[PDB]
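Here is the file work-v6.cif (mmCIF, C-alpha atoms).
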data_final
loop_
_atom_site.label_atom_id
_atom_site.label_comp_id
_atom_site.auth_asym_id
_atom_site.auth_seq_id
_atom_site.Cartn_x
_atom_site.Cartn_y
_atom_site.Cartn_z
CA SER Q 1 144.69 87.84 119.68
CA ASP Q 2 147.99 86.55 118.31
CA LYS Q 3 146.74 84.37 115.45
CA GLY Q 4 144.20 85.81 113.08
CA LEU Q 5 141.48 83.42 111.95
CA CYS Q 6 139.24 84.92 114.65
CA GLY Q 7 136.65 86.50 112.39
CA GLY Q 8 136.61 90.20 113.17
CA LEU Q 9 137.20 89.85 116.91
CA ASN Q 10 140.42 91.89 116.86
CA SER Q 11 138.69 94.55 114.75
CA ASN Q 12 135.46 94.84 116.75
CA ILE Q 13 137.36 95.98 119.84
CA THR Q 14 139.53 98.17 117.63
CA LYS Q 15 136.46 100.21 116.73
CA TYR Q 16 135.36 99.92 120.37
CA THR Q 17 138.76 101.35 121.30
CA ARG Q 18 138.20 104.69 119.54
CA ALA Q 19 134.57 104.64 120.69
CA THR Q 20 136.04 104.59 124.21
CA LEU Q 21 139.03 106.78 123.25
CA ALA Q 22 136.73 109.59 122.12
CA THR Q 23 134.02 109.47 124.80
CA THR Q 24 136.49 109.90 127.65
CA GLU Q 25 138.39 112.45 125.56
CA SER Q 26 137.00 115.62 127.14
CA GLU Q 27 139.76 118.11 128.05
CA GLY Q 28 142.87 117.15 126.08
CA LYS Q 29 143.77 113.92 127.88
CA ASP Q 30 147.18 112.31 127.52
CA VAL Q 31 146.61 108.75 126.28
CA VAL Q 32 149.01 105.82 125.93
CA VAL Q 33 147.61 103.14 123.61
CA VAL Q 34 148.82 99.62 124.42
CA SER Q 35 148.08 96.43 122.47
CA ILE Q 36 148.28 92.94 123.95
CA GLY Q 37 148.44 90.47 121.09
CA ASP Q 38 150.14 90.63 117.71
CA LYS Q 39 146.88 91.51 115.92
CA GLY Q 40 146.59 94.74 117.89
CA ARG Q 41 149.69 96.54 116.68
CA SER Q 42 148.62 96.05 113.05
CA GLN Q 43 145.19 97.61 113.62
CA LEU Q 44 145.70 100.28 116.29
CA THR Q 45 148.41 101.96 114.19
CA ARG Q 46 145.78 102.41 111.45
CA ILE Q 47 143.42 104.17 113.89
CA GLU Q 48 145.60 105.88 116.50
CA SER Q 49 149.38 105.64 116.09
CA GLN Q 50 150.88 108.81 117.60
CA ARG Q 51 149.62 108.07 121.14
CA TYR Q 52 150.54 104.38 120.79
CA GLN Q 53 153.50 103.26 122.89
CA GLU S 1 135.33 117.13 145.50
CA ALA S 2 133.45 114.80 143.13
CA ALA S 3 133.23 116.97 140.00
CA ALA S 4 133.38 113.87 137.73
CA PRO S 5 130.03 112.03 138.15
CA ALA S 6 131.29 108.77 136.68
CA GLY S 7 129.80 105.29 136.80
CA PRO S 8 128.55 102.60 134.42
CA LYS S 9 125.12 104.23 134.05
CA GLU S 10 126.41 107.73 133.28
CA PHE S 11 128.97 106.37 130.81
CA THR S 12 126.10 104.99 128.70
CA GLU S 13 124.32 108.20 127.69
CA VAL S 14 127.60 110.08 127.16
CA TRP S 15 128.95 107.32 124.89
CA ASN S 16 125.78 107.58 122.77
CA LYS S 17 126.84 111.11 121.73
CA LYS S 18 130.44 110.50 120.59
CA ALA S 19 130.48 106.94 119.23
CA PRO S 20 128.69 105.81 116.07
CA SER S 21 125.09 104.78 116.70
CA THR S 22 125.61 101.28 115.26
CA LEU S 23 127.40 99.94 118.36
CA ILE S 24 125.84 98.86 121.63
CA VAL S 25 127.49 100.17 124.82
CA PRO S 26 130.49 98.23 126.17
CA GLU S 27 129.87 96.13 129.23
CA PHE S 28 131.44 96.85 132.61
CA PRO S 29 132.63 94.64 135.49
CA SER S 30 129.75 95.97 137.63
CA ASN S 31 127.26 94.14 135.42
CA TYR S 32 128.71 90.72 136.32
CA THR S 33 128.32 90.86 140.11
CA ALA S 34 125.26 91.30 142.30
CA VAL S 35 127.12 91.38 145.64
CA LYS S 36 127.86 95.00 146.47
CA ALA S 37 129.52 96.71 149.44
CA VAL S 38 126.87 99.11 150.78
CA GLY S 39 123.97 96.83 149.86
CA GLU S 40 122.43 96.36 153.29
CA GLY S 41 121.80 92.79 154.40
CA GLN S 42 124.00 89.80 153.54
CA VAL S 43 124.57 88.50 157.08
CA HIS S 44 121.41 86.83 158.50
CA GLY S 45 122.83 86.11 161.93
CA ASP S 46 125.94 84.01 162.56
CA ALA S 47 127.30 82.85 159.17
CA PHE S 48 128.51 85.49 156.69
CA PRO S 49 129.60 85.13 153.02
CA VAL S 50 133.34 84.50 152.68
CA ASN S 51 134.62 84.90 149.13
CA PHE S 52 138.10 83.41 149.42
CA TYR S 53 139.61 84.01 145.99
CA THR S 54 142.74 83.24 143.96
CA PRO S 55 143.82 84.21 140.43
CA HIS S 56 143.60 80.57 139.35
CA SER S 57 140.92 79.32 141.77
CA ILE S 58 137.74 80.10 143.65
CA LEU S 59 138.53 78.20 146.82
CA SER S 60 135.35 79.05 148.73
CA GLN S 61 132.37 81.27 148.04
CA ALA S 62 129.87 79.80 150.52
CA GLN S 63 129.35 81.19 154.01
CA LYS S 64 131.42 80.70 157.17
CA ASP S 65 130.85 81.95 160.71
CA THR S 66 134.43 82.92 161.61
CA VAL S 67 137.55 83.47 159.49
CA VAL S 68 141.01 83.67 161.03
CA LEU S 69 143.02 86.03 158.81
CA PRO S 70 146.82 86.56 159.08
CA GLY S 71 147.14 90.35 159.06
CA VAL S 72 150.42 92.24 159.16
CA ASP S 73 149.64 93.37 162.70
CA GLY S 74 148.86 89.78 163.62
CA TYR S 75 146.18 87.13 163.31
CA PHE S 76 142.64 88.42 163.66
CA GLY S 77 139.21 86.85 163.35
CA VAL S 78 136.14 88.06 161.50
CA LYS S 79 132.66 87.62 162.94
CA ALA S 80 129.37 88.41 161.21
CA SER S 81 128.92 92.17 161.56
CA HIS S 82 132.63 92.99 161.65
CA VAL S 83 133.83 96.57 161.16
CA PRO S 84 134.69 97.50 157.55
CA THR S 85 138.31 96.55 157.03
CA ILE S 86 140.94 96.56 154.29
CA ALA S 87 143.52 94.20 155.77
CA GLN S 88 146.87 93.50 154.16
CA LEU S 89 147.87 89.95 155.04
CA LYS S 90 151.25 88.42 155.77
CA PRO S 91 152.18 84.94 154.60
CA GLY S 92 150.06 82.95 157.01
CA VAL S 93 147.22 80.51 157.46
CA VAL S 94 143.68 81.56 156.60
CA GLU S 95 141.45 79.40 158.80
CA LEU S 96 137.87 78.92 157.61
CA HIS S 97 135.45 77.76 160.30
CA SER S 98 131.75 77.25 159.65
CA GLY S 99 131.11 75.19 162.79
CA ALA S 100 132.88 72.04 163.93
CA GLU S 101 134.86 71.68 160.67
CA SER S 102 137.94 73.79 159.92
CA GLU S 103 140.03 74.03 156.75
CA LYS S 104 143.48 75.64 156.87
CA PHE S 105 144.90 77.32 153.76
CA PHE S 106 148.39 78.79 153.97
CA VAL S 107 148.48 81.88 151.76
CA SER S 108 151.33 83.92 150.33
CA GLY S 109 150.08 87.36 151.29
CA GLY S 110 147.36 89.42 149.70
CA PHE S 111 144.59 91.60 150.98
CA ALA S 112 141.32 90.68 152.69
CA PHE S 113 138.40 93.10 152.62
CA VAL S 114 135.46 93.21 155.01
CA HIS S 115 132.76 95.25 153.35
CA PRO S 116 130.09 97.21 155.30
CA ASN S 117 127.43 94.60 154.45
CA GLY S 118 129.52 91.93 156.17
CA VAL S 119 130.94 90.06 153.17
CA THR S 120 134.58 88.97 153.53
CA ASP S 121 136.67 89.05 150.35
CA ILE S 122 140.03 87.35 150.85
CA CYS S 123 142.28 88.07 147.86
CA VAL S 124 145.59 86.19 147.80
CA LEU S 125 147.80 84.89 145.01
CA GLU S 126 148.98 81.40 146.03
CA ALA S 127 146.77 79.72 148.62
CA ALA S 128 148.01 76.18 149.21
CA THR S 129 146.37 73.97 151.78
CA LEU S 130 148.64 72.53 154.45
CA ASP S 131 148.15 68.95 153.22
CA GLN S 132 150.33 69.62 150.15
CA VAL S 133 153.21 71.53 151.76
CA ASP S 134 156.36 69.69 152.69
CA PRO S 135 158.08 70.24 156.06
CA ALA S 136 161.43 69.09 154.64
CA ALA S 137 162.53 71.45 151.85
CA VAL S 138 161.14 74.53 153.62
CA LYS S 139 164.15 74.74 155.97
CA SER S 140 166.38 73.59 153.12
CA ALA S 141 165.61 76.93 151.46
CA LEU S 142 165.10 78.91 154.69
CA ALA S 143 168.64 78.15 155.88
CA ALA S 144 169.67 79.12 152.35
CA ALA S 145 167.58 82.30 152.64
CA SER S 146 169.24 83.07 155.99
CA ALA S 147 172.65 83.01 154.25
CA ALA S 148 172.58 85.15 151.09
CA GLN S 149 172.72 88.69 152.53
CA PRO S 150 173.85 91.08 149.77
CA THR S 151 174.06 94.87 149.73
CA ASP S 152 171.61 94.89 146.81
CA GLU S 153 168.42 96.26 148.34
CA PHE S 154 166.17 94.71 145.69
CA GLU S 155 167.37 91.20 146.52
CA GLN S 156 167.50 92.19 150.20
CA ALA S 157 163.75 92.81 150.00
CA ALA S 158 163.18 89.48 148.23
CA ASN S 159 165.35 87.70 150.80
CA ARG S 160 163.36 89.39 153.57
CA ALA S 161 160.20 88.06 151.92
CA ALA S 162 161.99 84.72 151.64
CA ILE S 163 162.67 84.66 155.38
CA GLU S 164 159.28 85.65 156.82
CA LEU S 165 157.39 83.32 154.47
CA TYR S 166 159.17 80.12 155.50
CA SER S 167 159.33 81.33 159.11
CA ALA S 168 155.54 81.51 159.31
CA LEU S 169 155.17 78.33 157.23
CA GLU S 170 157.36 76.27 159.59
CA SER S 171 155.58 77.77 162.60
CA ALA S 172 152.30 76.50 161.06
CA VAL S 173 153.47 72.96 160.32
CA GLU S 174 154.84 72.30 163.81
CA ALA S 175 151.69 72.93 165.88
CA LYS S 176 149.05 71.17 163.76
CA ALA S 177 145.91 69.64 165.24
CA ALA J 1 163.66 107.48 148.24
CA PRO J 2 160.16 105.86 148.30
CA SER J 3 158.14 105.97 151.52
CA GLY J 4 156.27 102.78 152.35
CA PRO J 5 156.74 99.06 153.01
CA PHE J 6 160.02 97.18 152.64
CA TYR J 7 159.35 96.13 149.05
CA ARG J 8 158.21 99.62 148.02
CA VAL J 9 161.21 101.52 149.43
CA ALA J 10 163.52 99.06 147.64
CA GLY J 11 161.96 100.03 144.27
CA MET J 12 159.95 96.81 143.99
CA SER J 13 156.26 96.98 143.16
CA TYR J 14 153.61 95.07 145.08
CA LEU J 15 152.88 92.88 142.04
CA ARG J 16 156.44 91.57 141.83
CA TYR J 17 156.60 91.27 145.62
CA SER J 18 153.41 89.25 146.01
CA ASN J 19 154.34 87.03 143.06
CA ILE J 20 157.74 86.40 144.68
CA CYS J 21 155.90 85.22 147.80
CA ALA J 22 153.71 83.18 145.46
CA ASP J 23 156.76 81.82 143.60
CA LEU J 24 158.49 80.76 146.81
CA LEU J 25 155.40 79.03 148.18
CA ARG J 26 155.21 76.82 145.08
CA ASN J 27 158.84 75.70 145.51
CA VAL J 28 157.90 74.05 148.83
CA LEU J 29 154.75 72.22 147.70
CA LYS J 30 154.36 68.45 147.63
CA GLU J 31 155.34 66.89 144.30
CA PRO J 32 151.83 65.58 143.37
CA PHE J 33 150.89 69.29 143.48
CA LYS J 34 154.23 71.06 142.89
CA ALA J 35 154.51 70.29 139.17
CA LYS J 36 150.95 71.42 138.40
CA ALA J 37 151.77 74.68 140.19
CA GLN J 38 154.71 75.05 137.81
CA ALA J 39 152.16 75.52 135.02
CA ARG J 40 150.78 78.69 136.62
CA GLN J 41 154.35 79.85 137.35
CA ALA J 42 155.75 80.12 133.81
CA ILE J 43 156.07 83.49 132.08
CA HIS J 44 156.14 83.41 128.27
CA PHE J 45 155.44 86.66 126.42
CA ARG J 46 157.29 89.46 124.65
CA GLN J 47 157.07 93.24 124.51
CA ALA J 48 158.13 96.09 122.27
CA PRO J 49 158.00 99.88 122.75
CA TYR J 50 156.56 102.11 120.03
CA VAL J 51 158.11 105.57 120.27
CA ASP J 52 157.50 106.75 116.68
CA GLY J 53 154.56 104.67 115.49
CA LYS J 54 156.00 101.70 113.61
CA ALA J 55 159.55 101.16 114.87
CA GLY J 56 160.69 99.80 118.21
CA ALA J 57 163.18 97.63 120.06
CA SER J 58 162.33 94.22 121.48
CA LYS J 59 162.23 92.23 124.71
CA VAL J 60 161.57 88.51 125.14
CA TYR J 61 160.54 86.62 128.27
CA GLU J 62 160.94 82.85 128.24
CA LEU J 63 160.93 81.99 131.95
CA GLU J 64 159.55 78.72 133.30
CA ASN J 65 160.27 79.04 137.04
CA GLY J 66 158.59 82.31 138.00
CA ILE J 67 158.98 86.06 138.23
CA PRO J 68 162.63 87.25 138.43
CA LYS J 69 163.92 87.69 141.98
CA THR J 70 166.62 90.14 140.91
CA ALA J 71 166.07 93.71 139.75
CA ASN J 72 164.23 94.29 136.48
#
Turn the structure described in the file into C-alpha cells.
Amino acid sequence: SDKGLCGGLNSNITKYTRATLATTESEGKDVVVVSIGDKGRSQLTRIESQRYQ
Amino acid sequence: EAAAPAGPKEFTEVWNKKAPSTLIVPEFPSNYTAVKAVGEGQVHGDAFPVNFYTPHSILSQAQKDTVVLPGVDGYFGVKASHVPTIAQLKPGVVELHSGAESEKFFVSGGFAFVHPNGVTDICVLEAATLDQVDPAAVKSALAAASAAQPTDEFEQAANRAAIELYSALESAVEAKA
Amino acid sequence: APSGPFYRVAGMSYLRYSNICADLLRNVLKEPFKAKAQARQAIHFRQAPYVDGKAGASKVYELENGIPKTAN
C-alpha cells in the first residue's frame, strides 16, 4: 500500500516475500526485488536490500 | 526437457521445508478458476463457452455458437470443436453470434485463444461496441495520421498503428446492417 | 536489430503498442462514453531505482490522456 493504517497487511506479504524468496532459492538465483507502494520500500530494505532495485 | 517439476501442488510441500511453519501456503491463480485447457468436455454440441475479456470488463462469459474474430491473417470464425489456436488479432470487429442475435464489438487488438476443450478466450484491451463510436472524428484523426510521417521509427510504428486502426474502423462503420 | 512485428523491430514492446491502439480507440468514442473511458486512460504513478539499497533518483508520471506515443 501507499498509506499505512492497513493493520499489518504490508508486513504479512513482506514475510511472505522471503518465504517465497527462499523456497525458490535453489541454485544461486539472481533476484531483483521490486516494491509497488510506498510501504514496500520501507520494509523490504529491512529484509532484503542488496537484491532490491 | 522438463527437469523442473513445478506446479501449485509441488510448490506446497517444498515451501513447507524452507518457510516458517506458522504460515499457510500462498494461494495461486490456478485455485481461482475451474475452466482448464485440457479438461475434456466443455462443448456439448453447437454452443461453446466464449470468455470475451477486457482489463476493465467482462463483456461476455456465456456461450455462443460462432465467433467472428479479426486475426492478423484475416477474419476467421470459430465453431464448437475448433482446432487449438493462439490467434493474434488486428483492430477489428469481434462478432458474437449465439443464434439469430448478433453483437458487434470493435476491439483494439489483443489475442484470442481457442483451447483444446473448445473454450474461446478473447483477450483484448479496449473493446468498444459500435453504438458508441463516432464516424466523424475517426477520419479527422486518420487524415491527420496519414500526414505526420517522420523518420523516427518509434513514432512511425505508432503512426502505422494509427493508420490501420482507423482504416478498419471506418470500413466497419460503412457497411453496417 | 530486433526480429519480429513492426512494433517490436522499432524497439516498442507489445504492452505499449496495444495500449496505443487502446488509447486511439478511446479518442474516437461517443461523448456519453468517451469521458468515462478517460478514467481508465490516465496514468498517475512514480518510480525510483535502488542501486545501492537506500538511495536512488526519481521519475514522476502525471499523464491524463494515455500512454506516451513517443519513445520512452
For this structure, which residues satisfy the selection - the PyMOL selection byres ((chain Q) within 12 of (chain J)) - when it is evaluated on the file as given? I want them as a CSV table (one decimal) with C-alpha atoms, keeping the file's coordinate frame.
chain,number,residue,atom,x,y,z
Q,2,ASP,CA,148.0,86.6,118.3
Q,32,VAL,CA,149.0,105.8,125.9
Q,33,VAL,CA,147.6,103.1,123.6
Q,34,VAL,CA,148.8,99.6,124.4
Q,35,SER,CA,148.1,96.4,122.5
Q,36,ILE,CA,148.3,92.9,124.0
Q,37,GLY,CA,148.4,90.5,121.1
Q,38,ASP,CA,150.1,90.6,117.7
Q,41,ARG,CA,149.7,96.5,116.7
Q,42,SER,CA,148.6,96.0,113.0
Q,43,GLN,CA,145.2,97.6,113.6
Q,44,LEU,CA,145.7,100.3,116.3
Q,45,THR,CA,148.4,102.0,114.2
Q,46,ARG,CA,145.8,102.4,111.4
Q,47,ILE,CA,143.4,104.2,113.9
Q,48,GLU,CA,145.6,105.9,116.5
Q,49,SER,CA,149.4,105.6,116.1
Q,50,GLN,CA,150.9,108.8,117.6
Q,51,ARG,CA,149.6,108.1,121.1
Q,52,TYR,CA,150.5,104.4,120.8
Q,53,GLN,CA,153.5,103.3,122.9
Take the PyMOL selection byres ((chain S) within 6 of (chain Q)), run it mentally on this structure, and tell me the resulting residues as a PDB file with C-alpha atoms, in the frame of the given file.
ATOM      1  CA  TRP S  15     128.950 107.320 124.890  1.00  0.00           C
ATOM      2  CA  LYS S  18     130.440 110.500 120.590  1.00  0.00           C
ATOM      3  CA  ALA S  19     130.480 106.940 119.230  1.00  0.00           C
TER       4      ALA S  19
END
Discussion item. So the first atom is atom CA of residue 106 of chain S and the second is atom CA of residue 92 of chain S; what is the distance between them in Å, to one decimal place?
Written reply: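 Atom CA of residue 92 of chain S lies at a distance of 5.4 Å from atom CA of residue 106 of chain S.
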Please tabulate, as CSV, the residues of chain J that come within 12 Å of chain S, each with its closest pair of atoms and the distance in Å to one decimal, counting all atoms listed in the file and ordering rows by chain, then residue number upward.
residue,atom,partner,partner_atom,distance
J:5,CA,S:157,CA,9.9
J:6,CA,S:157,CA,6.3
J:7,CA,S:157,CA,5.6
J:8,CA,S:157,CA,9.0
J:9,CA,S:153,CA,9.0
J:10,CA,S:154,CA,5.5
J:11,CA,S:154,CA,6.9
J:12,CA,S:154,CA,6.8
J:13,CA,S:154,CA,10.5
J:14,CA,S:110,CA,9.6
J:15,CA,S:125,CA,9.9
J:16,CA,S:158,CA,9.5
J:17,CA,S:158,CA,7.3
J:18,CA,S:109,CA,6.5
J:19,CA,S:125,CA,7.2
J:20,CA,S:158,CA,7.2
J:21,CA,S:108,CA,5.4
J:22,CA,S:126,CA,5.1
J:23,CA,S:126,CA,8.2
J:24,CA,S:162,CA,7.2
J:25,CA,S:108,CA,6.7
J:26,CA,S:126,CA,7.8
J:27,CA,S:137,CA,8.5
J:28,CA,S:138,CA,5.8
J:29,CA,S:133,CA,4.4
J:30,CA,S:132,CA,4.9
J:31,CA,S:132,CA,8.2
J:32,CA,S:132,CA,8.0
J:33,CA,S:132,CA,6.7
J:34,CA,S:132,CA,8.4
J:35,CA,S:132,CA,11.8
J:36,CA,S:56,CA,11.8
J:37,CA,S:126,CA,9.3
J:38,CA,S:126,CA,11.9
J:39,CA,S:56,CA,10.8
J:40,CA,S:56,CA,7.9
J:41,CA,S:126,CA,10.3
J:67,CA,S:158,CA,11.4
J:68,CA,S:158,CA,10.1
J:69,CA,S:158,CA,6.5
J:70,CA,S:155,CA,5.8
J:71,CA,S:154,CA,6.0
J:72,CA,S:154,CA,9.4
Practice prompt. Take atom CA of residue 94 of chain S and atom CA of residue 29 of chain S and report the distance between them in Å, one decimal.
Written response: 27.2 Å
Worksheet item: In Å, how far is it from atom CA of residue 63 of chain S to atom CA of residue 37 of chain S?
Response: 16.2 Å
Discussion item. Taking (129.4, 104.9, 134.0) in the coordinates of the supplied file, I want to know which residues reach to within 12 Å of it, counting only C-alpha atoms; could you give the answer as JSON, numbers by chain?
Written reply: {"Q": [20, 23, 24], "S": [4, 5, 6, 7, 8, 9, 10, 11, 12, 13, 14, 15, 25, 26, 27, 28, 29, 30, 31]}
Discussion item. Restricting the calculation to only C-alpha atoms: of S:59, S:172, S:80, S:143, which residue gets closest to residue 46 of chain S?
Written reply: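 Under the stated criterion, the closest residue is S:80.
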Fill in: Residue among S:32, S:52, S:113, S:105 lying closest to residue 88 of chain S, counting all atoms listed in the file
S:113
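Once residue 50 of chain S and its same-chain neighbours fewer than 3 positions away are set aside, residues 60, 61, 62, 63, 64, 119, 120, 121 and 122 of chain S remain within 8 Å of it when counting all atoms listed in the file.
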So that all listed atoms of segment 164-172 of chain S fit with 6 Å spare on each side, what axis-aligned box centre and edge lengths in Å, to one decimal, would you give as AutoDock Vina command-line options?
--center_x 155.8 --center_y 81.0 --center_z 158.5 --size_x 19.0 --size_y 21.4 --size_z 20.1
Item to complete: Run the PyMOL selection byres ((chain J and resi 44) around 6) mentally over the shown coordinates, then write out the matched residues as an NGL selection string, using the chain letters and numbers from the document.
Response: :J and (43 or 45 or 61-62)
Working from the structure I just supplied, which lacks atoms in segment 7-24 of chain J, can you model N, CA, C and O atoms there and output them as a short mmCIF file (atom, residue, chain, number, x, y, z; two decimals), in the coordinates of the input?
data_model
loop_
_atom_site.label_atom_id
_atom_site.label_comp_id
_atom_site.auth_asym_id
_atom_site.auth_seq_id
_atom_site.Cartn_x
_atom_site.Cartn_y
_atom_site.Cartn_z
N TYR J 7 159.22 96.34 150.48
CA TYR J 7 159.35 96.13 149.05
C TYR J 7 159.27 97.45 148.29
O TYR J 7 159.97 97.63 147.29
N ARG J 8 158.45 98.39 148.76
CA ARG J 8 158.21 99.62 148.02
C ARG J 8 159.38 100.58 148.11
O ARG J 8 159.69 101.26 147.13
N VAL J 9 160.04 100.66 149.28
CA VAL J 9 161.21 101.52 149.43
C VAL J 9 162.38 101.00 148.60
O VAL J 9 163.15 101.77 148.02
N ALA J 10 162.47 99.68 148.44
CA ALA J 10 163.52 99.06 147.64
C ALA J 10 163.21 99.06 146.14
O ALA J 10 163.82 98.28 145.40
N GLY J 11 162.28 99.90 145.68
CA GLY J 11 161.96 100.03 144.27
C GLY J 11 161.00 98.99 143.73
O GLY J 11 160.47 99.17 142.63
N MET J 12 160.77 97.91 144.47
CA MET J 12 159.95 96.81 143.99
C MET J 12 158.47 97.15 144.12
O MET J 12 158.04 97.76 145.10
N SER J 13 157.69 96.78 143.11
CA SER J 13 156.26 96.98 143.16
C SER J 13 155.61 95.89 144.01
O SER J 13 156.24 94.90 144.37
N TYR J 14 154.33 96.09 144.32
CA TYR J 14 153.61 95.07 145.08
C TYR J 14 153.34 93.84 144.24
O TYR J 14 153.29 92.72 144.77
N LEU J 15 153.17 94.01 142.92
CA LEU J 15 152.88 92.88 142.04
C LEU J 15 154.06 91.92 141.95
O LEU J 15 153.86 90.70 141.98
N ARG J 16 155.28 92.45 141.84
CA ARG J 16 156.44 91.57 141.83
C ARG J 16 156.71 90.99 143.21
O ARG J 16 157.18 89.86 143.32
N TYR J 17 156.39 91.75 144.26
CA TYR J 17 156.60 91.27 145.62
C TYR J 17 155.67 90.11 145.94
O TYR J 17 156.10 89.07 146.45
N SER J 18 154.38 90.27 145.66
CA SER J 18 153.41 89.25 146.01
C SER J 18 153.50 88.04 145.10
O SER J 18 153.07 86.95 145.50
N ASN J 19 154.06 88.19 143.90
CA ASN J 19 154.34 87.03 143.06
C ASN J 19 155.59 86.30 143.51
O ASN J 19 155.68 85.08 143.34
N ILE J 20 156.57 87.03 144.07
CA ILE J 20 157.74 86.40 144.68
C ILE J 20 157.31 85.52 145.85
O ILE J 20 157.74 84.37 145.96
N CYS J 21 156.43 86.03 146.71
CA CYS J 21 155.90 85.22 147.80
C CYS J 21 154.98 84.12 147.29
O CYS J 21 154.76 83.13 147.99
N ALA J 22 154.44 84.27 146.08
CA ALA J 22 153.71 83.18 145.46
C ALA J 22 154.65 82.20 144.77
O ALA J 22 154.37 81.00 144.75
N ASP J 23 155.76 82.69 144.22
CA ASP J 23 156.76 81.82 143.60
C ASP J 23 157.43 80.93 144.64
O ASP J 23 157.63 79.74 144.40
N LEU J 24 157.76 81.50 145.79
CA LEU J 24 158.49 80.76 146.81
C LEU J 24 157.60 79.81 147.59
O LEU J 24 158.12 78.88 148.21
#
